[PDB]
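All remarks here apply to the structure that follows.
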Number of protein chains: 6
Amino acid sequence: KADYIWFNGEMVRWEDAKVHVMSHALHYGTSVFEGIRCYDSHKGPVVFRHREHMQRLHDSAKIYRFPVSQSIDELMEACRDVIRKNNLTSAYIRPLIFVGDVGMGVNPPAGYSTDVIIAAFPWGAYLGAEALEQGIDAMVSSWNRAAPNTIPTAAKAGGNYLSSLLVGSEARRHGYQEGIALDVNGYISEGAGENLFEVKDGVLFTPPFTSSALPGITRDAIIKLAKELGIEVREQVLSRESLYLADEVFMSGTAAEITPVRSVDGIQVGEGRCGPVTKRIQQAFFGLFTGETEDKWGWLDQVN
Amino acid sequence: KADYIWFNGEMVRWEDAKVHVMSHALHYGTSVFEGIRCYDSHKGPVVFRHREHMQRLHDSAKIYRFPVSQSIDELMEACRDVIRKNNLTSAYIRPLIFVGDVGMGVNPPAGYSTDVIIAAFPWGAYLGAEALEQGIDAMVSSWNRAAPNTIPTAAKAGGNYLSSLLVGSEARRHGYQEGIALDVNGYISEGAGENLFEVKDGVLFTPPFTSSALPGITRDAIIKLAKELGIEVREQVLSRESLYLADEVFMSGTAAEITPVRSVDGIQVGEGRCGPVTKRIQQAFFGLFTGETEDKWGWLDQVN
Amino acid sequence: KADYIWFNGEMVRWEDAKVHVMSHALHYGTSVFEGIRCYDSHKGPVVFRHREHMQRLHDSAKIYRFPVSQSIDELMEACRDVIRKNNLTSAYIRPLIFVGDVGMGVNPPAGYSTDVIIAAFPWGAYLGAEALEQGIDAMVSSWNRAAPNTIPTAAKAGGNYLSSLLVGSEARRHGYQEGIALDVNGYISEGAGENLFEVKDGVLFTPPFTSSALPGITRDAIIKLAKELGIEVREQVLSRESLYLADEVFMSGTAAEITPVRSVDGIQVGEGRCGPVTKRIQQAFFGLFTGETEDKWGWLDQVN
Amino acid sequence: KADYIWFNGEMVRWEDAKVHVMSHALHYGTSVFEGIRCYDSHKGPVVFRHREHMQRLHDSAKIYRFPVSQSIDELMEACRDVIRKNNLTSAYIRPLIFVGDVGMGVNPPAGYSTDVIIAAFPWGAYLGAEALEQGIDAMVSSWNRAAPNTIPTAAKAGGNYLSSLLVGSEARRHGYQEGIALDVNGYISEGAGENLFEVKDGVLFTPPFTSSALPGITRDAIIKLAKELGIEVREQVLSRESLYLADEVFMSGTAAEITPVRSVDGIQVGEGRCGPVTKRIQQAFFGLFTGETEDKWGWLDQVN
Amino acid sequence: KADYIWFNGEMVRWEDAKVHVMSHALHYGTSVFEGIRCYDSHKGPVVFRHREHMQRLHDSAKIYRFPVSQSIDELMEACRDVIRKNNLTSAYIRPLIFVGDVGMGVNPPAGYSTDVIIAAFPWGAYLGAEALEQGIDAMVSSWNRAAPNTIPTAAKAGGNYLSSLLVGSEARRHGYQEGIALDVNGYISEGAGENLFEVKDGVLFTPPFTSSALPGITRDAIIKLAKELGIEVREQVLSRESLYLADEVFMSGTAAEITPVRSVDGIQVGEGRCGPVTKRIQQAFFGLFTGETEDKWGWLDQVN
Amino acid sequence: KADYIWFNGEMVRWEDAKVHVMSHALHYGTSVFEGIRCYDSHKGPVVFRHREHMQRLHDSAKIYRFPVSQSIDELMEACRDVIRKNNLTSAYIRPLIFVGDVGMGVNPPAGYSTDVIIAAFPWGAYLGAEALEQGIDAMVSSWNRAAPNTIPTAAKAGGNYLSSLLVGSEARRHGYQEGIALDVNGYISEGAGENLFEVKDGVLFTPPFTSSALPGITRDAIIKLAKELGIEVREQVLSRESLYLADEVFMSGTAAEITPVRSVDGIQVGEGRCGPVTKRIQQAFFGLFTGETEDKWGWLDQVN
Ligand SMILES: *Cc1c(COP(=O)(O)O)cnc(C)c1O
Ligand SMILES: *Cc1c(COP(=O)(O)O)cnc(C)c1O
Ligand SMILES: *Cc1c(COP(=O)(O)O)cnc(C)c1O
Ligand SMILES: *Cc1c(COP(=O)(O)O)cnc(C)c1O
Ligand SMILES: *Cc1c(COP(=O)(O)O)cnc(C)c1O
Ligand SMILES: *Cc1c(COP(=O)(O)O)cnc(C)c1O
Ligand SMILES: CC(C)CCC(=O)O
Ligand SMILES: CC(C)CCC(=O)O
Ligand SMILES: CC(C)CCC(=O)O
Ligand SMILES: CC(C)CCC(=O)O
Ligand SMILES: CC(C)CCC(=O)O
Ligand SMILES: CC(C)CCC(=O)O
């Protein structure tokens, strides 16, 4: 929780950010969202890969043809505003575009417009406080992720999350911290809400987008950092068994950051601790906020 | 629109039926809903297959493990209440169970409870005023319906509708009234929001639930009425070409009722008008509210 | 070979029935055809299920949207004409509608019309003289039949036959008489150019159309005859192994008529001879031309 | 149209290039063909990648086991002959090998031989005169391309085109210039008769042959030219959504040459005009016939 | 354990029934087996559906082309002998045909013969003592059963069980008594080593063999018993969610007999105890050994 | 055959290495094995990639959760011992870990242990004496290899071989030396018991592990050797037709070593003899045992 929320152009007090119960998105999952993080750094509060997330918000809405009034720059300025306004140095930002109080027909009437919301608030490690250091225990779920030409997995839309709910809850019900989903073909897709990486003989592996895996921005950052460290990266389809044969395995995401996976299905991964390559990558990633890692791509956007 | 909405046990003015913008269902599609119809009949206002719809509401919530405080009888009494309170003789009722203002984690915290809403209001023919008589022009969509073990198609959940949105909007964008989706295997599934039936040589055909088709209550009623009329019904997988070789084809649903399909992909179906078997079924269905058709199953629930 | 061929409305001498080498169908497989048989019977020459084949010719062209000038009755009269004209008592008739000398673009220009041809000539048993009595040796091919929503298997079109060529030639190259194809899922579809039936514990089994099997008219006749004989018929998906466990197995088609399969992949079927149920069915089928079997459906069309 | 056509070794007047209506290829799609282009250049008339096309003609025939009497050099000499004989400086050449007047059995009798035809004539831009400059509007088809082990997509055979007909006609029926087909898995295959390329962040992307995409010779030329220009090329499986997120997208083929795609499914691609990378490639391609681009591979075959 | 084992025609003492460690079956899973039960009844010791099991033994070996020296009658006689010789009144019999000490090449040399073994011994309820009365808790496995045309699921061969090991161990590792596997399409196949049945609205449902389910002999008996009791049986494909919506669910097998399933994935089935229809079937089944159920089919084979 | 076999830590005479007929592995395919080769070289008897094979033995058992008492070093020491003890200078070693005489339940009781066996003996070329020089004739099988998430293809387990038996026996039954299997998608997987390679335009191609191909150690060696020779290697999915268009094709495996394939399905590959690239690779491979090829990786383990 925080003080204000940007709602359609104006800062509104948290308690007043309400919407009608007949809002389209509540009944039909018609919304698109993003997960962005603001980190306190050596240059003060900074939003990580800000433009890239806002660009993806526009891309997700474009696929579903949701009209967006605000431009990427407007959304970026609004985001910074929310952080200053709430006096946050570090936080989790949540942009949400949704179809509001329009008719009850599945297809909204021509000429309608969407409601936009940007909320910021402090949020710790998604998979746990000690998760980044010690790693987590994952389980391969019995539920598969969406098939290729059904519900576009490249779009970060609300309705998609019924799948993540099923995958993740099943893992947690059995004592695990997160669940790993396979696609309809039986290959590794990704975790319930985070991308999956494997390390084998010093080489980094990740499933392509065609494995029903969302084009993670953290995923993209890791691939670029790895190339700077001189680590070979291979984007290819991975079998289920590969999880038991890999030297290391970890998950990535905005909320999950970079979490090591110490075991899968009760089978220990390597030494059962955070691996050496995962460590190098974590150090290089968090080094961006200390100044140890040079921001060569302009991933740090100053809030001021 | 109407005057009141049942919200968590009490009648609230329509305009005051608001919910926080950080409600789980707005971000993750975590909601379950129903479509029920109240018809003005020879016995006064009557809710069609009321218990069955409320039973399915509980079933959809059960699959996702959403806790429901209200029993089927409570929900039924609340439904009748909304209709009387709003002075409606005929209307479309919309029960909605959703995960409210709880955390932002995909998996709701233990001990949470859902919010329930029941709204009633007048609503005409989903596919058009003259649709029931003249029929509509459908198009086979380029988007497929959800694969079998991904997002359960037997549950009527909010997030599911991103698919119906894609299928339906594509058809309407090209001049058609509705779109027909095929499953991932290339077989007929159903319309964007209505079951599909075909008539060939006096025999009724419908895809099974395993074709990613939701277990329609109108679909079930039609199969039962058809058997009363002495019409053979075959529940089997159907190829795409069957739509072009069928003597008749129609759609079923609570909102769509029984709508004839006069053409598919520009190819005329039979005579290009409502067929004889579809006619028989329409008369038998609507006859329930006139008294011509005996309600042998107890499908009519008096509102009083 | 015979004397005349019906070509676009007029009887032309066989040798003169030529068409330009730039005819669309030669380059793009754009043609639809039928296989019909005329049998010498107790009522004289009679065409078997004449209207049904002509109706299917129209259906196949309809799916591909090929314009057909002739009506079903015109085509039927033309067919009878060809048989009388050539003095045939028994023969194989071959109706062929194809896209002729039009442009070279894949999609023919609007307003074009198709060329129609009807040729009749004597033709023995497709799988061999002794095949109907002793049976044949079949082999399951390594090539699969067309997937569901790619090239419609319900249409009897020319281009489809590249598949039948592959399936059938492979079997014959290895010493077998015919090849049996599986669909993309690994279930039994049908032979290269004939439907497949299995007999197990007195029950008849056949794959549905959804197994990429063409809706055979001989197949349909057998199903109806079987029901008259009090034989249970089950139209369901069949596994590959079922061919080794079945008591009997046979193929059906216009050209192949009813051919028993004595072995599959070197594994003998039952006694390695024509089975009892297959025999009953053959007797009932050929009995239609002797008068022993009453033509209750009007399958025999007199040529006069 | 032109004056002569090479038919089985000798130049025949166009109007006399006839074949019997009972030719195997008319009924069973048993033919293999090529699309070659002759360009007027700085070195006079020149056939683009002549040997490669004739080599593929032999390869397609080899897969189906069609006997070819003519060697690659004979076919090349005959091709040049047709161009000179018809006084063409620029034209579209169409080599066609087909199973002629042999029996009516699906499998041709042993010892048979095929008929060969080579026709040349002027032909403009396949997708339109202004298509190369302005680009076209494409639509993702509801029909999928052939599954992997059914009808070999690597062979350019006649029967294959029933699929291209379905995909292309559907697009044109809805106001689009061309249709893009997905494979049975739901991934991008290619256009109805042209390969598909996408540009994203300066990188070129194309589906592999395993996506049911024919090994285009223009496709191969573009990949080689791109590498000369220092553009990274990635041959990988592509999701349907990628078409909406791509900076640029274009089609390639002998008849279509290099056509930009300005929109897909009503969604604008980048700027809605020919993109910068597509431009570079177009200039480099057409530069071959001006002398600006050095023919390092020996792609230009002088007709003389 | 017992005193003797029938080994290649002769009664050998249990302790001496050894085979070389280089036996083909030990390295390549090349064996076929059966599970048969001998019950103490009102007619004394009786082997349940003896011939049917031995017939299936021959069928499984036939699929793999393993040569069997003994006829069905000899194997039945041998089975009865082992039961008498070991003084058993009730027991579990295990016939096993395997490729013995032959070469190390995958394909055994021509002219080889198999080794046959028949061991009998007392064996309680597979899923537990109180499992038949109380029911068990099942879990849907993350591992799928063999695809249709890979390793024939209709054959009861040794190598198949690597799959059952994976499915069953996963369930037991999480606190469940048995695991339920889905096929590659995402539909219900069966338990790790027992067929699956569902009861909904008084109707019995079971997946067909094409769902990668072995043709259970107990399954076949239940279907026939149910028809005697006037219970409708439907053999059709079932979705995963159906397990949560079913009134009752139970498993069948020789070793498992008829075990009720009180919960699936933590979701209670009906009342959480053995259901009414399951009970009727159990009573009818076990009634065969008391005389209450008339053996109309000749399922009880006297040992003497 | 040889004199001794290492059995659970002790050298036992060949004839005495027996196990009970009720051993779990005999009935359920519950075993894991390796194929290793000892070559007579310039440094004396040497085991090729010894550690890698023993490492994979542990990996296969780990996937199935079979407990292994011996460490990789103990197994390597045991392997060398057997070779010395049997006075072998060149041989084929066969390590086999299997579930022994434990209960008859599919899941072995907790606390059980496995039996380990290591047998060594002389063994010639798997596909024939002159196969390495002349090449073999292969056939594409009608049986497909295991689907992705069913029975893990990355594990070299006993039960897997029912598939290899079917694929290989079918080829041999038709006059071929080996069969090539496609996966469930219709793409090339590998031979019945050896990996598959293709050479096209001087480039090496091999299917990835996700094509249901086991991670061959010989396959891995060839890829590394090829990179040393400056030959481009591409690990990608391959279509069936690619076998007919390839310049060269060969198989790899411990027992098969490097065997050229001169024809596939009766279609000659290239020149019909061992190709140039295959030859270079063979010479480089066998050169390791002569000293001509430097062992840069430490692949040769001295027996002493
Ligand atoms: C958002 C998301 C991720 C993480 O992506 P980032 O862009 O790295 O935040 C991973 N998986 C799924 C399913 C997601 O929706
Ligand atoms: C609700 C629904 C239907 C219609 O079902 P009824 O129970 O008859 O209202 C059809 N298809 C989908 C996708 C639906 O959600
Ligand atoms: C025509 C055909 C048949 C036979 O059908 P009939 O209508 O019985 O002549 C069977 N299979 C295929 C592939 C066919 O095209
Ligand atoms: C011929 C063809 C192409 C274009 O290939 P080019 O060799 O470049 O002429 C593309 N797609 C299909 C289906 C084709 O047949
Ligand atoms: C043997 C078996 C069964 C049970 O079959 P019964 O003939 O009833 O003993 C069920 N499932 C599998 C996988 C089996 O092997
Ligand atoms: C063992 C095996 C191979 C060969 O692997 P190598 O490690 O090279 O011996 C190939 N295919 C299969 C199916 C195998 O089991
Ligand atoms: C809520 C998360 C599962 C998804 C967005 C993120 O990674 O922040
Ligand atoms: C909007 C509709 C598709 C909802 C279901 C119904 O009420 O029929
Ligand atoms: C030629 C045949 C394979 C097909 C048509 C028929 O059955 O007559
Ligand atoms: C008509 C075209 C699709 C043929 C291929 C080409 O010439 O490009
Ligand atoms: C272990 C069991 C699954 C074997 C088969 C049976 O007896 O039911
Ligand atoms: C029989 C062989 C396929 C076993 C593995 C090998 O040694 O290559």
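Going by the structure tokens order, chains are called A, B, ..., each with residues numbered from 1, while ligands are numbered from 1 in the order shown.
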
If the cut-off is 10 Å, can you tell me the residues of chain E near chain C, counting only C-alpha atoms? I'd like them as an mmCIF file with N, CA, C and O atoms, in the first residue's frame.
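See result.cif below for the written result:
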```cif
data_model
loop_
_atom_site.group_PDB
_atom_site.id
_atom_site.type_symbol
_atom_site.label_atom_id
_atom_site.label_comp_id
_atom_site.auth_asym_id
_atom_site.auth_seq_id
_atom_site.Cartn_x
_atom_site.Cartn_y
_atom_site.Cartn_z
ATOM 1 N N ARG E 56 -4.391 -63.005 -24.258
ATOM 2 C CA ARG E 56 -3.741 -61.707 -24.348
ATOM 3 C C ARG E 56 -2.221 -61.848 -24.286
ATOM 4 O O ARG E 56 -1.499 -61.026 -24.847
ATOM 5 N N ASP E 59 -1.303 -62.538 -27.673
ATOM 6 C CA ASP E 59 -1.505 -61.326 -28.469
ATOM 7 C C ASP E 59 -0.363 -60.327 -28.305
ATOM 8 O O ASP E 59 0.097 -59.744 -29.283
ATOM 9 N N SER E 60 0.098 -60.145 -27.069
ATOM 10 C CA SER E 60 1.194 -59.225 -26.778
ATOM 11 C C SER E 60 2.478 -59.700 -27.452
ATOM 12 O O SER E 60 3.214 -58.905 -28.030
ATOM 13 N N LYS E 62 2.626 -61.630 -30.057
ATOM 14 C CA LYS E 62 2.394 -61.579 -31.497
ATOM 15 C C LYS E 62 2.733 -60.212 -32.070
ATOM 16 O O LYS E 62 3.274 -60.110 -33.170
ATOM 17 N N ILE E 63 2.420 -59.165 -31.315
ATOM 18 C CA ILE E 63 2.692 -57.802 -31.740
ATOM 19 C C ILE E 63 4.190 -57.560 -31.881
ATOM 20 O O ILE E 63 4.644 -56.928 -32.841
ATOM 21 N N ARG E 65 6.300 -60.037 -32.198
ATOM 22 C CA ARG E 65 6.798 -61.162 -32.981
ATOM 23 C C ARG E 65 7.702 -62.132 -32.222
ATOM 24 O O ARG E 65 8.624 -62.715 -32.796
ATOM 25 N N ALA E 147 2.677 -42.212 -26.514
ATOM 26 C CA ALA E 147 1.917 -41.734 -27.668
ATOM 27 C C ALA E 147 1.503 -42.934 -28.516
ATOM 28 O O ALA E 147 2.203 -43.944 -28.557
ATOM 29 N N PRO E 148 0.368 -42.822 -29.226
ATOM 30 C CA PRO E 148 -0.214 -43.851 -30.088
ATOM 31 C C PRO E 148 0.651 -44.774 -30.945
ATOM 32 O O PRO E 148 0.531 -46.004 -30.832
ATOM 33 N N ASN E 149 1.509 -44.238 -31.800
ATOM 34 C CA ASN E 149 2.282 -45.135 -32.668
ATOM 35 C C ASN E 149 3.764 -45.189 -32.326
ATOM 36 O O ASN E 149 4.625 -45.093 -33.197
ATOM 37 N N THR E 150 4.057 -45.362 -31.045
ATOM 38 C CA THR E 150 5.433 -45.429 -30.584
ATOM 39 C C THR E 150 5.701 -46.807 -29.991
ATOM 40 O O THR E 150 6.352 -47.643 -30.610
ATOM 41 N N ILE E 151 5.196 -47.038 -28.786
ATOM 42 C CA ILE E 151 5.340 -48.324 -28.111
ATOM 43 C C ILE E 151 3.891 -48.711 -27.850
ATOM 44 O O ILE E 151 3.237 -48.118 -26.993
ATOM 45 N N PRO E 152 3.361 -49.689 -28.612
ATOM 46 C CA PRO E 152 1.980 -50.182 -28.514
ATOM 47 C C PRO E 152 1.468 -50.399 -27.099
ATOM 48 O O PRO E 152 1.952 -51.263 -26.377
ATOM 49 N N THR E 153 0.497 -49.585 -26.701
ATOM 50 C CA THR E 153 -0.066 -49.678 -25.365
ATOM 51 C C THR E 153 -1.043 -50.830 -25.181
ATOM 52 O O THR E 153 -1.443 -51.124 -24.056
ATOM 53 N N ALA E 154 -1.426 -51.480 -26.277
ATOM 54 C CA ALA E 154 -2.354 -52.606 -26.197
ATOM 55 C C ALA E 154 -1.638 -53.881 -25.765
ATOM 56 O O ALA E 154 -2.283 -54.854 -25.372
ATOM 57 N N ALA E 155 -0.310 -53.879 -25.870
ATOM 58 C CA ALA E 155 0.507 -55.024 -25.481
ATOM 59 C C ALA E 155 0.979 -54.825 -24.049
ATOM 60 O O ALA E 155 1.412 -53.738 -23.678
ATOM 61 N N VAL E 184 -0.739 -37.888 -24.319
ATOM 62 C CA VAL E 184 -0.024 -36.743 -24.898
ATOM 63 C C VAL E 184 -0.903 -35.580 -25.352
ATOM 64 O O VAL E 184 -0.413 -34.468 -25.556
ATOM 65 N N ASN E 185 -2.198 -35.843 -25.499
ATOM 66 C CA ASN E 185 -3.157 -34.836 -25.923
ATOM 67 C C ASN E 185 -3.747 -34.071 -24.749
ATOM 68 O O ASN E 185 -4.408 -33.052 -24.945
ATOM 69 N N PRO E 208 -11.371 -44.711 -24.089
ATOM 70 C CA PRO E 208 -11.215 -45.801 -25.059
ATOM 71 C C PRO E 208 -9.736 -46.225 -25.102
ATOM 72 O O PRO E 208 -8.885 -45.563 -24.504
ATOM 73 N N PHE E 209 -9.421 -47.310 -25.806
ATOM 74 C CA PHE E 209 -8.031 -47.776 -25.886
ATOM 75 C C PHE E 209 -7.133 -46.754 -26.567
ATOM 76 O O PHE E 209 -5.930 -46.716 -26.318
ATOM 77 N N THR E 210 -7.726 -45.928 -27.423
ATOM 78 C CA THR E 210 -6.984 -44.912 -28.153
ATOM 79 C C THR E 210 -6.484 -43.772 -27.273
ATOM 80 O O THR E 210 -5.783 -42.875 -27.739
ATOM 81 N N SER E 211 -6.848 -43.814 -25.998
ATOM 82 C CA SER E 211 -6.392 -42.822 -25.032
ATOM 83 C C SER E 211 -5.157 -43.389 -24.337
ATOM 84 O O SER E 211 -4.836 -43.007 -23.213
ATOM 85 N N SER E 212 -4.479 -44.307 -25.027
ATOM 86 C CA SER E 212 -3.285 -44.966 -24.523
ATOM 87 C C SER E 212 -3.559 -45.817 -23.282
ATOM 88 O O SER E 212 -2.688 -46.019 -22.445
ATOM 89 N N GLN E 236 -15.751 -43.106 -23.918
ATOM 90 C CA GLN E 236 -15.382 -41.889 -24.627
ATOM 91 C C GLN E 236 -14.184 -41.179 -24.007
ATOM 92 O O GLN E 236 -13.798 -41.451 -22.876
#
```

Please run DSSP on the backbone and report, as a VMD selection string, all residues within segment 81-275 of chain B that come out as helix (DSSP H, G or I). chain B and resid 81 to 85 131 to 134 158 to 173 209 to 211 217 to 228 242 to 245

10 Å from ligand 12 is the threshold here; counting only C-alpha atoms and all ligand atoms, which polymer residues fall inside it? Answer as a PyMOL selection string. (chain E and resi 27-28+104-107) or (chain F and resi 33-37+92-94+126+156+161+164-165+191-195+216-218+252-257)

Just the selected residues (C-alpha atoms), exported as a short mmCIF file (atom, residue, chain, number, x, y, z; two decimals), in the first residue's frame, please.
```
data_model
loop_
_atom_site.label_atom_id
_atom_site.label_comp_id
_atom_site.auth_asym_id
_atom_site.auth_seq_id
_atom_site.Cartn_x
_atom_site.Cartn_y
_atom_site.Cartn_z
CA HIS E 27 18.89 -55.22 -21.00
CA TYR E 28 16.16 -54.40 -23.50
CA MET E 104 23.45 -58.79 -27.38
CA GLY E 105 22.11 -57.34 -30.63
CA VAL E 106 18.74 -55.62 -30.23
CA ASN E 107 17.14 -57.94 -32.78
CA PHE F 33 22.82 -49.67 -19.14
CA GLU F 34 25.79 -48.41 -21.14
CA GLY F 35 27.71 -49.42 -24.20
CA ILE F 36 31.45 -48.81 -23.92
CA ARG F 37 34.34 -49.85 -26.13
CA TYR F 92 32.71 -54.20 -25.82
CA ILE F 93 31.88 -53.46 -22.18
CA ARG F 94 28.33 -53.58 -20.86
CA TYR F 126 27.19 -53.80 -35.21
CA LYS F 156 19.56 -45.10 -21.64
CA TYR F 161 14.37 -50.77 -26.37
CA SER F 164 14.30 -49.95 -31.09
CA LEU F 165 13.27 -53.59 -31.52
CA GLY F 191 18.28 -44.87 -36.19
CA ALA F 192 16.99 -47.74 -34.04
CA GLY F 193 20.15 -47.66 -31.93
CA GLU F 194 22.40 -44.99 -33.43
CA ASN F 195 22.40 -41.22 -33.98
CA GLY F 216 25.11 -39.88 -28.01
CA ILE F 217 28.67 -39.84 -26.73
CA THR F 218 29.92 -40.82 -30.18
CA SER F 252 27.00 -43.07 -35.03
CA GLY F 253 27.06 -45.10 -31.83
CA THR F 254 29.43 -47.03 -29.57
CA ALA F 255 28.62 -50.40 -31.16
CA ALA F 256 27.98 -48.96 -34.63
CA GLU F 257 30.95 -46.57 -34.52
#
```

Who sits within 6 Å of segment 246-249 of chain B, only C-alpha atoms, same chain under 4 positions skipped, as a PDB file with C-alpha atoms, in the first residue's frame:
```pdb
ATOM      1  CA  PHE B 197     -24.821 -27.924 -33.732  1.00  0.00           C
ATOM      2  CA  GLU B 198     -25.093 -29.403 -37.230  1.00  0.00           C
ATOM      3  CA  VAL B 199     -27.958 -31.256 -38.870  1.00  0.00           C
ATOM      4  CA  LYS B 200     -27.268 -33.838 -41.546  1.00  0.00           C
ATOM      5  CA  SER B 242     -18.642 -30.689 -42.221  1.00  0.00           C
ATOM      6  CA  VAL B 261     -26.407 -20.062 -39.115  1.00  0.00           C
ATOM      7  CA  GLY B 270     -28.761 -25.523 -47.195  1.00  0.00           C
ATOM      8  CA  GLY B 275     -33.861 -24.996 -41.445  1.00  0.00           C
TER       9      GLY B 275
END
```

Could you give me the residues within segment 57-294 of chain A that DSSP places in strand (DSSP E or B), as a PyMOL selection string? chain A and resi 91-98+115-121+136-140+157+178-182+187-191+195-200+203-206+233-235+239+248-253+257-264+267-268

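Near residue 299 of chain B, within a cut-off of 12 Å and counting only C-alpha atoms, sit the residues residues 37, 38, 39, 46, 47, 48, 49, 50, 51, 52, 53, 217, 218, 220, 221, 224, 225, 285, 288, 289, 293 and 294 of chain B, with same-chain residues fewer than 5 positions away left out.
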
Determine, counting only C-alpha atoms, which protein, DNA and RNA residues have an atom within 9 Å of an atom of residue 30 of chain E; residues of the same chain fewer than 5 positions away are not included. Present the result as a VMD selection string. (chain E and resid 24 to 25 64 66 97 to 100 157 to 159) or (chain F and resid 26 29 158 to 159 161 to 162 165)

Write out as a ChimeraX atom specification which residues come within 10 Å of residue 70 of chain A when counting only C-alpha atoms, dropping same-chain ones fewer than 4 positions away. /A:8-9,58,74-76,78,116

Residues as selected, C-alpha atoms, written as a short mmCIF file (atom, residue, chain, number, x, y, z; two decimals), in the first residue's frame, can you do that?
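That gives us selection_25.cif:
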```cif
data_model
loop_
_atom_site.label_atom_id
_atom_site.label_comp_id
_atom_site.auth_asym_id
_atom_site.auth_seq_id
_atom_site.Cartn_x
_atom_site.Cartn_y
_atom_site.Cartn_z
CA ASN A 8 -6.54 8.30 -15.98
CA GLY A 9 -4.25 11.30 -15.78
CA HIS A 58 1.63 -0.82 -25.81
CA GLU A 74 3.30 10.19 -21.06
CA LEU A 75 3.20 6.83 -19.27
CA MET A 76 6.85 7.15 -18.30
CA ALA A 78 3.29 9.42 -14.97
CA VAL A 116 -5.24 3.25 -17.24
#
```

Can you pull out every residue within 10 Å of residue 262 of chain F, counting only C-alpha atoms, but drop anything in the same chain fewer than 5 positions away, and send it as JSON, numbers by chain? {"F": [131, 134, 135, 136, 137, 138, 248, 249, 250, 267, 268, 269, 270, 271, 272, 273, 274, 275]}
